[PDB]
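# before the rest arrives, take these chains from my complex:
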Amino acid sequence: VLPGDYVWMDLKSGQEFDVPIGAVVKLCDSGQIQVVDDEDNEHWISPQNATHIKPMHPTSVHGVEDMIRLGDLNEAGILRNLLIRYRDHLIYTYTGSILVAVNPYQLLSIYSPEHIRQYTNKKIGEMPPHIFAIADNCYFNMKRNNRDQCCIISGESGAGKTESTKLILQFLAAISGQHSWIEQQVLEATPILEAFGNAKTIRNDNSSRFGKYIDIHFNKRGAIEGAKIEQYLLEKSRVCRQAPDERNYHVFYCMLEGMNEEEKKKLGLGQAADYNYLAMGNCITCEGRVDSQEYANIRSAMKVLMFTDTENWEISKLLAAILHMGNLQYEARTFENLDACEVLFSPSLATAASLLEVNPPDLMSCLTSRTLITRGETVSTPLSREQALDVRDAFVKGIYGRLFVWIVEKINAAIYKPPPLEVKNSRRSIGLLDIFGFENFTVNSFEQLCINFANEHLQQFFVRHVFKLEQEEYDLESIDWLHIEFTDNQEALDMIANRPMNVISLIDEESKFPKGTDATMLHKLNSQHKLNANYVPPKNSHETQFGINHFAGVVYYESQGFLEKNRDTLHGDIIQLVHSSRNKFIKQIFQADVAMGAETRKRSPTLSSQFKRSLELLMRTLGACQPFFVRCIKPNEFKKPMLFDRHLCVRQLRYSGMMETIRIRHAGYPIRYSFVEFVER
Amino acid sequence: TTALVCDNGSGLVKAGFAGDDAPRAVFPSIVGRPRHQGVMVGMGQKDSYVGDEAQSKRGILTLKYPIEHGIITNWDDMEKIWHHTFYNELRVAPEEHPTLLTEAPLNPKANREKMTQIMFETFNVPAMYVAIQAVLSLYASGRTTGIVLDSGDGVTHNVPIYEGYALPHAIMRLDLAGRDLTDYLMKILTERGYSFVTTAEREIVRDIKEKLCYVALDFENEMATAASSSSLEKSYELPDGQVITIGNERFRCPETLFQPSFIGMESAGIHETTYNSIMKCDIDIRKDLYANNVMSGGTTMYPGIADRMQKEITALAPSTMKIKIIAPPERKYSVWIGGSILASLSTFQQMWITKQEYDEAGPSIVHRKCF
């Protein structure tokens, strides 16, 4: 109304992530006022738009460090508060006890020995929000409580998730004493793990495809003893199939563009577009990354972590054998009214056997046949082409998956010091998690279903923590919380994993059922979950998509593509080929398997089964520690220092699950006052 | 926990765990008892021997089969083989694992009820189920449509299935298998001067059959060839050092599967029974059933049986259909493989027979819940 009042103007547009934008009233004259929004754009209101303009609370005009104190507790209130603080280089903001971090794309001088000392021994709220303040109260809490702690950093690919973990080590090494080698050793394992576990997606050129757990070990007097790196949830389907505009793990491309010709001769390697595994997304070269100095960065980091040159050569041979096996081409035959195969002649088969150090006839009769061993006899059975292109792709993912464990163990052989407290277990730890976030792309597939399934467990972990803390805020004030409803997102979990005839098992069942396809699986899913409020069946019988109502919203997955990624068929002949190999390295990574040589009759777990096992391990590790949550937000799609995209940020706020915190606050007593406030009224 | 699969046939017991590739335990379904005088005091005394231990100490025992032609005739001795399978071969407690059993289609109704009652009262299984073997032979073959010929050791049944639907009126059940074949071989081996009589020598004759018997493409030309020359004769060494020679007896014994009148039966051969079962189904099913003849069972392991089956069915069928005989190399374990596949399915977990249901209804719940 008045020519100097802030208002909540709502420019109604056809946008899915549109929220009211703050604006200041200026040049109030005639019948039509003028406003300038937070983006410095001018608009005319007209007398016929009076409901659009709504007064803005005085708390929302000056900004507040803790958003739970906002007068206007909504998505618009959160978005503007972040926006007006990002322009002031304030990239850290609280929502209760959750640190929202926004990628600055800029070197901000807020990480100094004077800042780490300024933030020592001070609780949340005493100091302005910072990444150290999360670590500050995380360190002090385990000493007073004798309990393990954990930090969960999550967001999209590129919102400083790995940087926030590096910077949470900068304080933590200094607060105890010398930075020590462990601070420098942990930072050398990042370029190694970001080669075997990162890849280029359609949203970022360096996307983490697993969950990294840096478990930091402490001792009495509070000093660093060691550290463990635990990898969880690796997308092993990427090794053999990539989507359009996406590429395989960085290691393959880096090795090829950074290896000498002589060496590349011994490995029978050439270019990188001559490999089906590497070239499938048509993204051999990615802008912003050069794969020649990236190779040198990995090699230098490997030397520091005590990788001998012999160990580097054996790793490259395994990687080369992965690329050669992907070039093998199968042709369907008919033995006698039975499906059969015949691997077409190619120089890759000769090289792959040489690099694997097995007899060429023993590898030929290990991808086209299967041996059934029973009491008293053994029988050989041919494999169909669809079955032949499932053992080759499972042996490739079996080498890469077991290799990735080998690098992790070799790194842990230099930074993890066994408990010197052999006498008694008196060690507390601080865990850090670099986990991915909810993703809703244009076309979703098997990998996105697993990624979103993992976040359902993580978002339930968040909700149960937010529920608890708000209950103790009520009882120090003696406020009885028995009229407030505390619902958990078990319905989504009880449809995907935690119930008979769930979504995952029906995907597993159709992978083994006779004459099973993606269309048959879709009918199976509909026939069981059509009367469920969280399942959206396709409208016609020609559509090949189904929808699941997650916490973030409804996401549609494409049926065409499943049952091929969800197959990891390691037969008993594969574990017997490795055991007979002259290569002592491939037998070292298969050490556990070759021990139980005759116990592989049990069918190999599928990738959905292996993913669920790791998720159970992760939820058990996190459930034993008090959690701290960090929310990472990227403000731009062009990596600009001072560009804040509103529609980009609103999507990440909804997908982070942080908006749940507001919902309970509205459900309870949203407005809290002190007795001094009673002066008014 | 993990479910057990027990394909207790007339001749062999194939047992294991659901979700595996092959049966862990494959042992004969025999119970042996001493028939002589034990003279040495202090020797370990055992009133009964079950499985391979009865085949090892076989010259001092009497061997008996508790199952004949698919029907369990001696329940006290069959209860010993189940105990042996559960505790000695699989080494597992039966009260913590669901058990899947198999049975032939046209089998008396009380056999299945007594299996249910024994499972729920003697072994105290939490759940169980009884399935048709020919249905599991399609699960093992990876098909949802086909006519299956399952010839084991007691019976030979054909079951036509189309798109997961079985036509129960076209199911046929012949009582002629590898034990009638063994008896016929015992009888016709007496023409060359070899007399095999005892229950311990019947197992020698069975091994002779399994190692030297095949199926002739043309019986009347193979007989003439055997009469003319000695190229068909083979030798076999008895467990004492004696060698026996057999000529046309190598293909005269499997021939009774195609000419059941050799043992005095009036029924038709396995080639004509399959055609009669196909021609009893709907006309729109026959083209897809001709090209999907799945052969299962250990009796279908003779060399040349698939070729002769294809020849005979091609002669019986119109000269426009594509007659295909599917005989996988592992067809001796296809019933067990299909049973494991069925027991590993998530949809099947709602189709067990729980002990609450058995305690409420009785042993008659199996007729209402199984097939």
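That came through, no problem. Residues are numbered from 1 along each chain as shown, chains lettered A, B, ... in the order given.
# okay, CA-based contacts and neighbour counts for the rest of this
OK.
# so how far is stretch B:167-187 from its chain's centroid?
Relative to its chain's centre, stretch B:167-187 lies at 10 Å (C-alpha atoms, centre = their mean, to the nearest Å).
# how long is it from one end to the other?
End-to-end distance for stretch B:167-187, by C-alpha to C-alpha, to the nearest Å: 38 Å.
# how many residues are close by the residue of the stretch 51-200 of chain A found nearest chain B?
For the stretch 51-200 of chain A and chain B, the shortest gap (C-alpha to the nearest C-alpha) falls at residue A:197, measuring 31.4 Å. The number of residues packed around residue A:197, counting by other C-alpha atoms under 10 Å in any protein chain shown, is 23.
# hang on, residue B:289 is in a helix, isn't it?
Yes. Under DSSP: H, G, I helix; E, B strand; the rest coil, residue B:289 sits within a helix.
# what residues go with each domain of chain B?
Domain segmentation of chain B under CATH domains of a matching chain yields B:1-27+B:69-134+B:334-367, B:28-68, B:135-181+B:271-333, B:182-270.
# strands along the stretch 551-681 of chain A, start to end?
Along the stretch 551-681 of chain A, counting by DSSP state E, counting those that start in this stretch, strands occupy A:554-558, A:560-563, A:626-633.
# so who does residue B:135 touch?
Residue B:135 makes contact with B:159, B:338 under the criterion C-alpha atoms under 8 Å, 6 or more residues apart in numbering or on different chains.
# apply 10 Å and report the result again.
With C-alpha atoms under 10 Å, 6 or more residues apart in numbering or on different chains as the criterion, the residues that contact residue B:135 are B:105, B:144, B:146-148, B:159-161, B:164, B:166, B:335, B:338-339, B:342.
# what residues does the stretch 501-650 of chain A have near chain B?
The stretch 501-650 of chain A comes close to chain B at residues A:501-502, A:505-506, A:508-510, A:512-516, A:524, A:571-572, A:599-604, as judged by C-alpha under 10 Å from any C-alpha of the partner chain.
# throw chain C on there as well:
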Amino acid sequence: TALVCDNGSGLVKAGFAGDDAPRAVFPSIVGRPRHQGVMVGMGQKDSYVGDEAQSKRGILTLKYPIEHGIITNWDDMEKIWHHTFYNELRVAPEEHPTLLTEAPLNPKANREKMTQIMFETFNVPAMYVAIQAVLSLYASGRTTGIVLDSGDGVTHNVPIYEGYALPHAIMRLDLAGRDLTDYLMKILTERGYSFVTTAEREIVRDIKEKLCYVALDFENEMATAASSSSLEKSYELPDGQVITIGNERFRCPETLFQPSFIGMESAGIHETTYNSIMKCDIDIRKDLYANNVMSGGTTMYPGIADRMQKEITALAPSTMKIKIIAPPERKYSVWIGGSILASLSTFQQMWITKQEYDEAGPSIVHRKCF
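Chain C, in position alongside the others:
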């Protein structure tokens, strides 16, 4: 634009107004399983519609929801309409006006329940019911002419002159293609061929469609058949069995002209057409003699037109000119004419809207249509 659903007794012809040919043409059948499902895990449906029901023909019992033009099983009719709307046309029924076709003389409840179901189950913005024999003239591009529509449920004649129809000259017959299929089934059990099941009737229908013709002279053709085997054709059954038929190729397309074979006391199509023309004004008859339109798939028998001309030339005066118009696409004439009618600007004021249905009930159709 708009939906045109020519919904006959045997086939469903659906598409969009303004097109030249129907988009979806599938059998009007609903099949249900009749055997026992033994394989656990197989996706099981309780009903199949159309080409999916005619593909799994062996294990299903086929049932036509429409007999002789009247819809008898409204649940299966609703299933067929849902299949047509969602799976074949992939449209939203609540966003397209629908044009339906019906035989001239049918019970009023058949037309009322179509309106009530189309407005209360599919929520169409508007709907209409037209006469199948009028759309055939639209397809033929004519204004004057008598239409002999013959599907597989009914056979009716509607004389039309200069856009005006004479309701007193409308004659409806209940002898059509599904009676021909059953007569062929009955008379095929004279050579040893037994076809009893509902799935063995779709085979006899195909035998009829591929091997039956209309004899120009029935008594001169029955003699030729006995004289020589030159009129005798083979047909291989779905299981590889070859069956050979003789005079039954033209004895089945004879109950159209001699309905006494099936046991009905009625005149042939030629006599019915002659009576329908002679029940009009004396001046109009000359224009209907030369414009006898034929529509339907029972008018697709080789030789049917020639015999119609021969039979109507022997009953009409010798000074008149009899011309039988048989378009090469008479199997789709009703749908083509329906699309032409629904694409007209003048017709847009004749739709039965949802508001009028709410105001007046399902009885608005009897005062808005025909």
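# once more on the contacts of residue B:135, with chain C this time?
Each residue near residue B:135 by C-alpha under 10 Å, 6+ apart is listed here: B:105, B:144, B:146-148, B:159-161, B:164, B:166, B:335, B:338-339, B:342, C:38-40.
# go again using 7 Å as the cut-off
Taking C-alpha atoms under 7 Å, 6 or more residues apart in numbering or on different chains, we find residue B:135 in contact with residue C:39.
# in a helix, that's where it is, yeah?
Yes. According to three-state DSSP, residue B:135 belongs to a helix.
# burial measure for residue B:265, as a count.
Residue B:265 has 12 neighbours, counted by other C-alpha under 10 Å.
# so which helix or strand takes in it?
For residue B:265, there is no helix or strand it lies in under DSSP states H and E.
# give me the most central residue, the chain.
In the absence of a named chain, chain A is used. residue A:436 (2.0 Å; C-alpha atoms, centre = their mean).
# meant chain B actually
Central residue of chain B (C-alpha atoms, centre = their mean): residue B:152, 2.4 Å from the mean position.
# skipping its backbone neighbours, what lies nearest that one in space?
residue B:297 (4.7 Å; C-alpha to C-alpha, 6 or more residues apart in numbering or on different chains).
# wait, the residue nearest to the centre of chain B touches residue B:175, no?
No. Applying C-alpha atoms under 7 Å as the test, residue B:152 and residue B:175 come out as separate, 10.2 Å apart.
# residues of the stretch 251-371 of chain B that sit close to chain A?
For the stretch 251-371 of chain B, the residues in contact with chain A (C-alpha under 7 Å from any C-alpha of the partner chain) are B:324, B:325, B:326, B:329, B:330, B:345, B:346, B:347.
# at 10 Å instead, please
With the criterion set to C-alpha under 10 Å from any C-alpha, the stretch 251-371 of chain B comes near chain A through B:291-293, B:324-330, B:333, B:341-342, B:344-350.
# distance of the closest residue to chain B within the stretch 401-550 of chain A relative to chain C?
Using C-alpha to the nearest C-alpha, the single residue of the stretch 401-550 of chain A nearest to chain B is residue A:514, 4.4 Å away. To chain C, residue A:514 is 9 Å away according to C-alpha to the nearest C-alpha, to the nearest Å.
# as chain D, please add this:
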Amino acid sequence: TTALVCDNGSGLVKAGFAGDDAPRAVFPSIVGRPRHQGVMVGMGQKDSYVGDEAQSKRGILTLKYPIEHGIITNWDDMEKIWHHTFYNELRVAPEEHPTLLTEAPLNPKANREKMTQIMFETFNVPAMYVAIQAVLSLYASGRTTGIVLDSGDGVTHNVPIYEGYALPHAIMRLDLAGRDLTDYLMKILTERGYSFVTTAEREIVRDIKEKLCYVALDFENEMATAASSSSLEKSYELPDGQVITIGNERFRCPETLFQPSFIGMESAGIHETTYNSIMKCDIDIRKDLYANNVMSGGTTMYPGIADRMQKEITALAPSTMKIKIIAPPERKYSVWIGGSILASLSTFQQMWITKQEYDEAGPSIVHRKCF
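Placed with the earlier chains, chain D looks like this:
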């Protein structure tokens, strides 16, 4: 020159003379042949046993019916049966006696032509005629208006006749009769352990069905009482001394006529077939077709088949109509009793087919002389 009436059906052959009150040569229609080996040299050995002598030596012969579902398949065994009937049973030379034969209403046209050729060339009868069994049943019942439900062991046909006028378009022919009724009891008898496979044991199953099978008024209430007590159980003794026991197959076997889905058939029951046949006639004829239901054939001899039929037709018919089922106590021979009446008429002697007419026309004169 007395006329001969031969009601040669699928299972039983009825013969005699035109004018008599009952058939004199009722014997089965099987032709057995030796199966085993003959060892005793000097014994009088026959290569074929026809009629009652094939049931005495039933343990060493393979029995085969030359007629199935009305159609004649073996035209040599048919000649043997006719020779036996004319010489060993009637003791009449076929040269000097006109003959009358019966046939199903909707049989293939080649069957009647072949019978005409055989009777006019092999036996050289002076006159011949082929009639429809329903008309002869009406003649025996002494009525001119009514629908007959004839059911033997081959076919089950309905023919509506009003005032001596038949409606060909309402004639229904269903190939479900005693044979499948026997072959289904022989299959559901395996649920209690009894296994009859031999063609000679099928003749024992037929005797069990003819002696212990009835039709239940309400199948559900009958099963609820057969599963709650043992008051419905009956015993029977086999030709070897063993005693069988049947508890619910007695009323489960005959129901496949009112519910053909038991044996895998898609057709409707006899009650629905009769209702549909009556509802395909003129609106005036239905009133006196409802009250003139004549049941013929040996399959209509089950205790309780005349009450369930009436109940079903009453339920399917309007409540103001009078439904009456006429089941004479001698309907097992009504076809022959009416054939004798037809052949003893003075107005029928001009309807015979003479040898001169056959010679001057051919085997195709039956299609115009008969029916």
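# ok chain D is loaded, check the contacts of residue B:135 again?
B:105, B:144, B:146-148, B:159-161, B:164, B:166, B:335, B:338-339, B:342, C:38-40.
# before we move on, back to that, where's the residue nearest to the centre of chain B relative to residue B:176, distance?
Per C-alpha to C-alpha, residue B:152 is found 9 Å from residue B:176.
# which residues are common contacts for these two?
The contact sets of residue B:152 and residue B:176 overlap at residue B:69 (C-alpha under 10 Å, 6+ apart).
# show me how the record splits chain A into domains.
For chain A, automatic domain parsing gives the domain ranges A:6-56, A:64-234+A:418-439+A:626-667, A:238-324, A:326-403+A:569-603, A:446-565.
# output stretch A:430-448 in CSV, but only the C-alpha positions, please.
Taking Å, rounded to 0.1, in the frame of the first residue of the first chain, the C-alpha atoms of stretch A:430-448 are listed here in CSV:
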residue,chain,number,x,y,z
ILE,A,430,33.0,-39.3,13.7
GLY,A,431,31.6,-40.6,10.4
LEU,A,432,31.1,-38.5,7.3
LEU,A,433,28.8,-39.5,4.4
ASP,A,434,29.0,-38.2,0.8
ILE,A,435,25.7,-39.6,-0.4
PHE,A,436,23.7,-38.7,-3.5
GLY,A,437,20.3,-37.1,-3.5
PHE,A,438,16.8,-37.4,-5.0
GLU,A,439,16.8,-37.2,-8.8
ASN,A,440,13.9,-36.8,-11.2
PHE,A,441,15.2,-36.7,-14.7
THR,A,442,13.3,-36.6,-18.0
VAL,A,443,13.7,-40.4,-18.4
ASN,A,444,14.3,-42.5,-15.3
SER,A,445,15.5,-46.0,-15.2
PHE,A,446,16.7,-48.8,-12.9
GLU,A,447,19.6,-46.8,-11.4
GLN,A,448,17.3,-43.9,-10.5
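# ok, back up a step: the closest residue to the residue nearest to the centre of chain A other than its chain neighbours - how many residues pack around it?
Closest residue to residue A:436 apart from its sequence neighbours, by C-alpha to C-alpha, 6+ apart: residue A:154 at 5.6 Å. Look at residue A:154: counted by other C-alpha under 10 Å, it has 24 neighbours.
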